[PDB]
Amino acid sequence: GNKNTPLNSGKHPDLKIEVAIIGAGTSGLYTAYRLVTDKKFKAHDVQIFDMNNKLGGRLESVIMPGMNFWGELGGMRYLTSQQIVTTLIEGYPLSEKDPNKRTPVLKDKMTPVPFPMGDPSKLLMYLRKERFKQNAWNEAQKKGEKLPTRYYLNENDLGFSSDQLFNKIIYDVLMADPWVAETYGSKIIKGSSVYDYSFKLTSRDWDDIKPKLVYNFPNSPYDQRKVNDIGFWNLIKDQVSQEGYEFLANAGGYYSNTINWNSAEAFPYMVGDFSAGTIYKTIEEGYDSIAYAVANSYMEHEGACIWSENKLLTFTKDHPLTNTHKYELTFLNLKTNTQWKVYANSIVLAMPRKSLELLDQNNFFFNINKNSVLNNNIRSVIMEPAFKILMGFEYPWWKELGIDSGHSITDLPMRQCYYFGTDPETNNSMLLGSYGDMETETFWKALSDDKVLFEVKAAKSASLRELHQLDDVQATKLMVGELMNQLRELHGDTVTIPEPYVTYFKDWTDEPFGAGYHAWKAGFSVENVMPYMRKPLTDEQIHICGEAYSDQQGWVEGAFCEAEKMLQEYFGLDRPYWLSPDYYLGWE
Amino acid sequence: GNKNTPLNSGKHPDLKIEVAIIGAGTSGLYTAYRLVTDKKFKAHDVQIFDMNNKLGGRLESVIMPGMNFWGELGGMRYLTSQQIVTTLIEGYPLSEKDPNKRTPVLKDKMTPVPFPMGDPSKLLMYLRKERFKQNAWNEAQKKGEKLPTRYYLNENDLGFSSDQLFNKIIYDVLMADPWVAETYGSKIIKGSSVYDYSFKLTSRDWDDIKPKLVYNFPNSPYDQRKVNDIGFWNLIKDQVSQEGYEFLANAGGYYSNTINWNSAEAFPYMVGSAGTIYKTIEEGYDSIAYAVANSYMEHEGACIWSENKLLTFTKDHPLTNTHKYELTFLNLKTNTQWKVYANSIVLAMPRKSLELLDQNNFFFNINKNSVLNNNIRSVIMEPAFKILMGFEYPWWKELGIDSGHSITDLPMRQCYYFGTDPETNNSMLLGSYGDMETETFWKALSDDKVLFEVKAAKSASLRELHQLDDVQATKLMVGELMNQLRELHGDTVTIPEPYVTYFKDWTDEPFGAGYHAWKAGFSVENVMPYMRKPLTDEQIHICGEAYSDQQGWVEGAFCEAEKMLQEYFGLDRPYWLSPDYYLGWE
Ligand SMILES: Cc1cc2nc3c(=O)[nH]c(=O)nc-3n(C[C@H](O)[C@H](O)[C@H](O)COP(=O)(O)OP(=O)(O)OC[C@H]3O[C@@H](n4cnc5c(N)ncnc54)[C@H](O)[C@@H]3O)c2cc1C
Ligand SMILES: Cc1cc2nc3c(=O)[nH]c(=O)nc-3n(C[C@H](O)[C@H](O)[C@H](O)COP(=O)(O)OP(=O)(O)OC[C@H]3O[C@@H](n4cnc5c(N)ncnc54)[C@H](O)[C@@H]3O)c2cc1C
């Protein structure tokens, strides 16, 4: 099938090429695909290297025995307003509604499906031991009530849901800047209902606002500072009190980023880049199918090669072949523990902050004594931890509360569970747990570090034969134990929860990732850092791309967009023919 | 005065000695002091090296203009049951009550004083917007009430204070182990009041219990596991619910460690006696570091090399006939490297300091010394930040607050009302945060470039105050701390702006932490003796607070150094130290 893309765990000592791409994630794969498809180099002269035994980086889809559908260890969904990932998956143009009348860009067949949001009638919000339905705030407001909670909000914020309060905070901040309220008042909209705030601000509008927006609150410790220079927890507490911050931080799930990051960058991240008709979708064959579709398109050019289980150690300008090649790269061939040299004229580091820090810091590129600016910009983002646990049950116990799909949210350390689906033949049913924020990394770490692993157990269409293949990826007994205990407290006593037969634990804080996703720090010029990272030194053909230093952090689109900007800026490529000239990219 | 201990910022290329001590913190200073006082080596053959421009490491006392008394940036107090730091400060024996009838161990004069605890009638607990007095739980229980709070406790725990609930948790866990309830039931005591739990477990009893204690709770995810293998947040939630954990985590400040660290190690850390009190040193707590440094330095040839940073060390060098090890130092004043030759290396330095050394040498090499690397990572680096703030008057006295500290779930977490100059009335507050993600709340503010501007006050000229320009907190941090201090105390007291601040971030290199905490699942009884000499064929030792069993204390640093000294440097117990003070296995 399409996910058997060949991977070379071998080596070719003294390989000579033009472009070394390090990282077979979304950005690396897309760089390789674009360079060869546009004939900028022959396939043999553009090679990808990865230390992993798979392509896709933070996309990793899995089929667990007994359950014939894809679980997601990493990314799961896209937005149709994200035009690179959307066009590459669905084909062009995006104006055609008939998928049959669309021209595919990539050969691999990918079945787009809507991403289940579920029923807010049946999905749980479990905060300070109070079990609400997610529609509790809506239901209350229809009866003209202000829903009481065990958070002590400011009086003027009482009855607001988390969504409504964020919308209010962002409205209040934008409209206190005279220049913003005047220049964009049209697209910053107070409705008639006290809880009704909407935004029509485009990605390009946000690019105008973010660097200029001033925090205009006369008694605030943060008065007259760029909102850029204010952490998001700082700003949310200043606006709705620390009890307000506890409500918003605890009542948001994976998508909702309430760490103390760049408030200016946080605003668009929370209200969107305007919308109508855009929905969340995934790929029936698993979301990592998009990585395999780009890899396979690159690999259909003979000479193309993904080197797997090959780890970049270091690179230097001081080597025997400076007549043909500016750079010598050293790789560790993990299978053999043998080092080998590669010669290249361009290096693309398609890899996140932690991956950059794990490279030899003593070389000409990273040297702190020389490149203090590089090192400051590498540290311009927060490494956010993310963990995923997939759990297979003999039946979907959640259906007893009328839950089909979607996710429950709680201030318990588990934070979130997605009811991910039921094999209609075996009835075997998948849950995924997603935690990491509000110190929950430290709650779970002790349990995930324990040595005694969960034992697989036979179930419908899942033999011990098949399940012992996943022995080494099982969650720990203590983690499964405590997650079962928290799932019982979350759902309540009315529903029996059986033990799972199979688990799959993934820790994205593991090297070389060191993070699920990244978040701009307060006080950095993001408009200046991004173009800098795409080529840090004026006299070196070394580029950084991927999600970490994108302005769409937490998304494949971020990784594709930084690669695309890098390609137009330094590799002489035009916008792809399949990409609308009106999709907004950046300054260039 | 006693704090002008000479420091050599220079270098001596190819210096040849026996024992290189890296770190002029409490453990390094005490190693040097013990080796020369017991004449194990001549003072020229035992040298201390530090990258800082002062000795004392995580002890740093300061006098700020306008206020004639010592502020503490780092450690502030000791317990009289901590027998090394207590004897070194006060002299021997510890049974004598008259300080005049005591024999000093060190020449420097140090004035012991009680550490002000304050009045729980007047000190604040501000949790989820409810302002209690710290005695609210006691007062309620006297009127036979169960004090209500905005934490939703299990019903069987309602009305308990944070102290009472911890005591209950620890009682319940110990008594569920048949072997413990039977072997130590005598010293694990339920009173008649529902809230009354006390302990008489000694350090030696805890060393017996910690490695064996089993968690006996049949429906628990953690049932039949060593308590050693359970994180403390894990254990507290299993015992009093996640809302119970929120209560205990938020209502502790004062040396209350509720991170997800080793539960077995956490138990003694929480219940601790009688007659033992908290004390400080009137001349500032770093005086104990200066007293040990000065005692070492009164031996001819003794030297603290300051602003000299260890980079690396190797067995592959030109002088292996006289010296097993060549050390390379960065002379920070010149940015030049120089070699030192030695037969023993003592790394008197915490986890982050070890990690900042050249990891590629024979010692740290991960490909060979995987157990060293695992054990270096056996402890959590707990962040700590301190902000001293000088006010023209003690605004806190208006609420009848003399002294002690208020606690809150606001990000500021804790303020100590540290004292008032009786002549100028200038009054010092210290803010202490870092836990419960408060590191990330404050970091954005502390990293901002625009610094708080000093302002003249009684007996504090701009002349004197501009000397501290570069250590002022940021305007944003002072701004937000003032905002949180007003919400903490309430509207009944006006709080003026400070005239001076002093910001200290202990997460800065090379410290990387205020203090350390054993992780769950490590054999601490086996890691400690390992860290004091990791490789059987190398004379390289680690000592200090980080891998002690009294983390967060000078006593931990002294005790690991003392064990290291008796184990590998052929020293006897000091004559001034009681043979009955329990040290470890050896
Ligand atoms: C839990 C989770 C949920 C997510 N949800 C979504 C979502 O719903 N939708 C979405 O669009 N995005 C989502 N994302 C992001 C998505 O996973 C993207 O792939 C991600 O944004 C990163 O792609 P990238 O090119 O930056 O590289 P990465 O995926 O970070 O790839 C980096 C690669 O570099 C390799 N590498 C690093 N160092 C070296 C070295 N020295 N030598 C060799 N190889 C090296 C690594 O092995 C890896 O393969 C999610 C991420 C996570 C973790
Ligand atoms: C906020 C705070 C409050 C505290 N409160 C108390 C308290 O009230 N009472 C109490 O008893 N204890 C307290 N402690 C602990 C106390 O400060 C002790 O000093 C501490 O426990 C550690 O002493 P140490 O020997 O481990 O070394 P450290 O104090 O960590 O000294 C290490 C030294 O090594 C040096 N160094 C590191 N790397 C290198 C290198 N490569 N080359 C050269 N030099 C290097 C550093 O410059 C430093 O001087 C507190 C700690 C903090 C942070």
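A chain's residues are numbered here from 1, following its sequence as written, a convention that may not match the entry; residues for which no coordinates exist are omitted. Just so you know, chain letters begin at A and ligand numbers begin at 1, following the order they were written in. Heavy atoms from the whole structure form the basis of all side-chain values; hydrogens and water molecules are not counted.

In terms of determination method and resolution, the entry is listed under X-ray crystallography at 2.2 Å.

Looking at the PDB entry, chain B carries the name FAD dependent enzyme, with the source organism given as synthetic construct. In its PDB record the entry is named "Ancestral L-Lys oxidase (ligand free form)".

Where the PDB entry is consulted, chain A appears under the name FAD dependent enzyme, with the organism given as synthetic construct.

1. Observations regarding the overall build of chain A
For clarity, the cut-off: For helices the rule is a DSSP run of H or I covering at least 4 residues; for strands it is a run of E covering at least 2, with both sets numbered from the N terminus onward. When we talk radius of gyration, it's over C-alpha atoms, and the globule rule is simply 2.2 Å times the number of residues to the 0.38. Relative accessibility thresholds used throughout: buried, under 20% of the residue-type maximum; exposed, over 50%; partly exposed, between the two (1.4 Å probe, protein chains only). Contact criterion: two residues are considered in contact whenever any of their non-hydrogen atoms come within 4.5 Å of each other. Using a 1.4 Å probe, accessible areas were evaluated by the Shrake-Rupley method; residue-level cover was limited to the displayed protein chains. In summary, the charge assignment counts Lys and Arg as positive and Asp and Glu as negative, without counting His or the chain termini. Charge placement uses NZ in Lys and CZ in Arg. For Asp and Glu, CG and CD serve respectively.
Within chain A, the regular secondary structure consists of 16 helices and 25 strands. Here the C-alpha radius of gyration of chain A, 24 Å, is about what a compact globule of 588 residues would show, namely 25 Å. Along the three orthogonal principal directions, the C-alpha set of chain A runs to about 75 × 65 × 50 Å. Taken over 588 residues, chain A has a buried fraction of 60%. A sequence separation of at least 24 residues applies to 70% of the contacts in chain A between residues at least 6 apart. By element, 48% of the accessible surface of chain A is carried by carbon and sulfur atoms, the whole surface being about 23,400 Å². Across chain A, the 60 positively charged side chains and the 77 negatively charged ones have centroids separated by 1 Å.

2. Comments concerning the overall build of chain B
Of regular secondary structure, chain B possesses 16 helices and 25 strands. Taking 25 Å as the expected radius of gyration for a compact globule of 586 residues, we find that chain B reaches 25 Å, a close match to that expectation. Along the first, second and third principal axes, the C-alpha set of chain B runs to 75 × 65 × 50 Å. Taken across its 586 residues, chain B has 60% of its residues classed as buried. Carbon and sulfur atoms provide 48% of the accessible area of chain B, an area that totals close to 23,500 Å². For chain B, the centre of its 60 positive side-chain charges and the centre of its 76 negative side-chain charges are spaced 1 Å apart.

3. Regarding the pattern of salt bridges
Heads up, the condition is: We count a salt bridge whenever a side-chain nitrogen from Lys or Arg sits within 4 Å of a carboxyl oxygen from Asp or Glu.
Applying the stated criterion to the full structure yields 59 salt bridges over all chains. One salt bridge in this structure joins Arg-225 of chain B and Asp-229 of chain B, with 3.1 Å as the shortest N-O distance. When sorted by exposure, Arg-225 of chain B lands in the same class as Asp-229 of chain B, which is buried. Each of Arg-534, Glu-562, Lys-565 and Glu-569 of chain A takes part in one network of salt bridges that share partners.

4. Some remarks on the sheet that holds strand β3 (residues 46-49) of chain B
All names here are of chain B. Heads up, the condition is: Strand pairing follows a simple DSSP-based rule, namely that at least 2 bridges must link the two strands. Note on method: axes are straight lines fitted to C-alpha atoms, helices fitted across the in-contact stretch only, with angles between N-to-C directions ranging 0 to 180 degrees.
Spatially, β13-β3-β2-β17-β25 is the arrangement adopted by the five strands of the open sheet, whose pairing is parallel. A single partner strand is all that each edge strand has here, and the edge strands are β13 (304-305) and β25 (540-543). Bridge analysis of β3 against β13 gives two bridges, and the strand direction is parallel. Following the sheet pairing, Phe-49 is matched in β13 by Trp-305. Running at roughly 170° to β3, helix α1 (residues 26-37) makes contact with β2 (19-22), β3, β13, β17 (344-348) and β25 of the sheet.

5. Looking at the sheet that holds strand β1 (residues 15-16) of chain A
Pairing is mixed across the open sheet formed by four strands, whose spatial order is β1-β16-β15-β14 (chain A). The open sheet has two edge strands, β1 and β14 (310-316) of chain A, and neither has a second partner.

6. Here we look at the side chain of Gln-242 of chain A
With respect to the helices, strands and loops of the structure, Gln-242 of chain A is situated in helix α7 (residues 232-251). According to the relative accessible area criterion, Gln-242 of chain A is buried, its value standing at 6%. Other than its neighbours up to four places away in sequence, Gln-242 of chain A contacts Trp-233 and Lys-237 of chain A together with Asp-409, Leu-410 and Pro-411 of chain B.

7. Observations concerning the site of ligand 1
Residues and elements named next belong to chain A. Rule in force here: We call a residue near a molecule or strand as soon as one heavy atom of that residue lies within 4 Å of the molecule or strand. Here a polar contact means two N or O atoms within 3.5 Å. Within protein one must be a hydrogen donor candidate and the other an acceptor candidate, and residues neighboring in sequence count only if both atoms are side-chain atoms. Each residue is assigned to one class: nonpolar for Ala, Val, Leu, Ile, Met, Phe, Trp, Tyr, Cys and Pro, charged for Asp, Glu, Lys and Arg, and polar for all the others, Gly among them.
Around ligand 1, a shell composed of 37 residues is seen, among which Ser-27, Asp-50, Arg-58, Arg-77 and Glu-547 lie nearest. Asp-50 has a polar side-chain atom sitting 2.5 Å from an oxygen atom of ligand 1. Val-556 places a main-chain nitrogen or oxygen 2.8 Å from an oxygen atom of ligand 1. Relative to its free-state accessible area of 1,000 Å², ligand 1 is covered by the protein chains to the extent of 98%. Broken down by secondary-structure element, the contributors of at least two residues to the shell around ligand 1 are α1 (26-37), β14 and α16 (556-570). Residues that form the shell around ligand 1 fall into these classes: 17 nonpolar, 14 polar and six charged.

8. Concerning the site of ligand 2
Residue and element names in this part refer to chain B. Lining the immediate environment of ligand 2, one finds 35 residues, of which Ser-27, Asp-50, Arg-58, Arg-77 and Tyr-255 sit closest. In the model, an oxygen atom of ligand 2 is placed 3.0 Å from a nitrogen or oxygen of the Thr-26 side chain. Notes on ligand 2: free accessible area 1,000 Å², of which the protein chains cover 96%. Listed by contribution, the elements that provide at least two residues to the shell around ligand 2 are α1, β14 (308-314) and α16 (554-568). Top contributing element to the shell around ligand 2 by residue count: β14, with three residues. Partitioning the shell around ligand 2 into residue classes produces 17 nonpolar, twelve polar and six charged.

9. Comments concerning unusual backbone geometry
Of note, the amide linkage connecting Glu-511 of chain A to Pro-512 of chain A takes the cis form, showing an omega dihedral of 0°. By the secondary structure assignment, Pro-512 of chain A is in the loop between β23 (502-507) and β24 (517-520). Of the consecutive residues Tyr-92 of chain B and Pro-93 of chain B, the connecting peptide bond is found in the cis state with omega at -10°. Even without being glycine, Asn-337 of chain A reaches a positive phi, approximately 60°. By the secondary structure assignment, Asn-337 of chain A is in the loop between β15 (327-333) and β16 (338-344). Judged by its relative accessible area of 59%, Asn-337 of chain A is exposed. Here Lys-39 of chain B, not a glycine, exhibits a phi torsion of approximately 55°, which is positive. In this fold, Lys-39 of chain B is placed in the loop between α1 and β3.

10. Overview of the interface of chain B and chain A
As a reminder of what qualifies: Values labelled buried area give the accessible surface lost by two parts on being combined, using a 1.4 Å probe and summing over both.
Every contact between the two is made by 37 residues of chain B and, on the other side, 38 residues of chain A. Where chain B abuts chain A, roughly 3,500 Å² becomes buried across the two surfaces, and 53% of that area is made up of carbon and sulfur atoms. On the surface where chain B and chain A come into contact, there are four salt bridges. Of all the secondary-structure elements, those providing two or more residues to the side of chain B that touches chain A are α7 (232-251), α12 (438-447) and α14 (475-489) of chain B. It is α7 of chain B that provides the largest number of residues to the side of chain B that touches chain A, a total of seven residues. Of the residues that constitute the side of chain B that touches chain A, the class distribution is 14 nonpolar, eleven polar and twelve charged.

11. Looking at the domain arrangement of chain B
All names here are of chain B. For clarity, the threshold we go by: Where each domain begins and ends is defined by an automated method or by a domain database.
Domain annotation of chain B identifies domain 1 (1-112 + 280-378 + 519-586) and domain 2 (151-271). Here domain 1 and domain 2 have C-alpha centroids that lie 34 Å from each other. If you look at the interface, domain 1 gives 14 residues, while domain 2 gives 15 residues. Together domain 1 and domain 2 conceal approximately 1,100 Å² of surface at their shared face, both sides included; 50% is due to carbon and sulfur atoms. Of all residues in domain 1, the largest losses of buried area upon contact with domain 2 belong to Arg-77, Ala-520 and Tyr-582, amounting jointly to 41% of the total for that side. Inspection of the domain 1/domain 2 interface yields zero salt bridges. At the junction of domain 1 and domain 2, the tally comes to five residue pairs in polar contact. Among the residues forming the side of domain 1 that touches domain 2, the class breakdown is five nonpolar, four polar and five charged.

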